[PDB]
Amino acid sequence: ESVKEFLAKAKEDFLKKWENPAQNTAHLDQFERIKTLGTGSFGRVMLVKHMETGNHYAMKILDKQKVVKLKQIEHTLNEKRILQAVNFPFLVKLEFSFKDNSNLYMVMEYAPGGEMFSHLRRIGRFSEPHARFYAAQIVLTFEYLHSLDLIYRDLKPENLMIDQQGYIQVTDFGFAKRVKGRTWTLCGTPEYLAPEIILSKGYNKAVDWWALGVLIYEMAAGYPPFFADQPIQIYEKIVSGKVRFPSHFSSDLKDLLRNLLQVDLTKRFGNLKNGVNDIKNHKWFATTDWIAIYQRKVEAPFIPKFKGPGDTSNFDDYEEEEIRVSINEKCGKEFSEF
Amino acid sequence: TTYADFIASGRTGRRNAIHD
């Protein structure tokens, strides 16, 4: 196939960068900080200006000391290593990465449309065609990632940005890992967790296809299939094998969702003999032109409004915080390959 | 309604990952 060929060349490209990662391609003083776009446990994302090019980027800042306390060293090394090596239309481009005494930095392409999350909650829910446009782009992305033996593990509206053209950009590869065969780390976000993960069984790429189904459901229904006020209550709902669809769900949608939200891994779409084709040749995606989604020529159902470069009006406001850099190098050995 | 129970729940905001 021409997809198979595209992937084969793509694996050669990825392997070259994987084996020989890039390093310290910038310094903090080359950027002007502007606004915190987002926050997390190990640090925040900031809109940043590249003073020499005048280009705006999103810069993810991780406090080394906090990464270590939360036992995320290996995870943080995976994220930079994978992200500098991959290249796909719906994956954030990592432009620069560097570290100082106190922090790790990854400068990435800035997607002014904001988080899908923000629009999804506001509007309430997406129409199937709307949801499908976004879903189709995730299907391709996973197809590509999984061909590289990468698992993604944190799919959710929060990690999907809308760019200027209204296409998705997958950020946050904080849990991405290159694994042939199986892995056991409990990570992800409670609502998106596959039962395998919560049952400490050992798991593989298939958890991404489960998460895709949570996503489609949440986009189309405006809420996730398993919610509750505390995580344990959510985990029970997930392991129970029991989903209710809203009544406005097309039956094709329900049907795709039932195969994706399947507790039996041997039976879950994405994990069978035909892998990703079971998803792409499903009735719900009949309307979808995959090559054209890939080539970015489909009209996006929703272009967010942006009144310039560096406009941040599609992001919530956060409390700012002065970037402290210690005079002592903080965890050199642990992060040497960053 | 389910929407209304969701909206009244503690998890309509941005959801943090669990680490370990």
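- As deposited, the entry is annotated with X-ray crystallography as its determination method and 2.30 Å as its resolution.

### As for the sheet that holds strand β1 (residues 31-38) of chain A
Residues and elements named next belong to chain A.
Moving on, step 1. The five strands are arranged β1-β2-β3-β5-β4 in an open sheet whose pairing can be described as antiparallel. The strands lining the two open edges of the sheet, one partner per strand, are β1 and β4 (94-99). Across the sheet, the mean angle separating the axes of adjacent strands is 25 degrees when strand polarity is ignored.
Moving on, step 2. Where β1 meets strand β2 (residues 45-50), six bridges bridge the pair, whose relative direction is antiparallel. Each residue of the ladder has a partner; that of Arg-33, found in β2, is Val-48.

### Some details on the domain arrangement of chain A
Residues and elements named next belong to chain A.
Moving on, step 1. What the domain assignment lists for chain A is domain 1 (1-20 + 115-305) and domain 2 (21-114 + 306-336).
Moving on, step 2. Using C-alpha coordinates to define each centre, domain 1 is positioned 25 Å away from domain 2.
Moving on, step 3. The interface of domain 1 with domain 2 comprises 42 residues on the first partner and 28 residues on the second.
Moving on, step 4. Between domain 1 and domain 2, roughly 3100 Å² of surface is buried when both sides are summed, and carbon and sulfur atoms account for 60% of that area.
Moving on, step 5. The largest share of the area that domain 1 buries against domain 2 comes from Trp-18, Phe-173 and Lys-305, three residues that together contribute 21% of it.
Moving on, step 6. At the junction of domain 1 with domain 2, the criterion picks out one salt bridge.
Moving on, step 7. Here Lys-60 makes a salt bridge to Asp-172, at a shortest N to O gap of 3.5 Å.
Moving on, step 8. If you look at where domain 1 meets domain 2, you find 11 residue pairs in polar contact.
Moving on, step 9. Of all the secondary-structure elements, those providing two or more residues to the side of domain 1 that touches domain 2 are α1 (2-19), α4 (116-123), α5 (128-147), β7 (160-162), β8 (168-170), β9 (177-178) and α11 (290-295).

About the criteria used
Residues numbered from 1 in each chain as written, not as in the entry; some residues may be left out. Chains lettered and ligands numbered in written order. Heavy atoms only, no water. Pairing = 2+ DSSP bridges. Helix = DSSP H or I, 4+ residues; strand = E, 2+ residues; numbered from the N terminus. Axes fitted to C-alpha atoms, helices over the stretch in contact; angles between N-to-C directions. Domains from an automatic or database assignment. Contact = heavy atoms within 4.5 Å. Buried area = accessible area lost by both parts, 1.4 Å probe. Salt bridge = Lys/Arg side-chain N within 4 Å of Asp/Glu carboxyl O. Polar contact = N/O pair within 3.5 Å; in protein donor to acceptor, adjacent residues only side chain to side chain.

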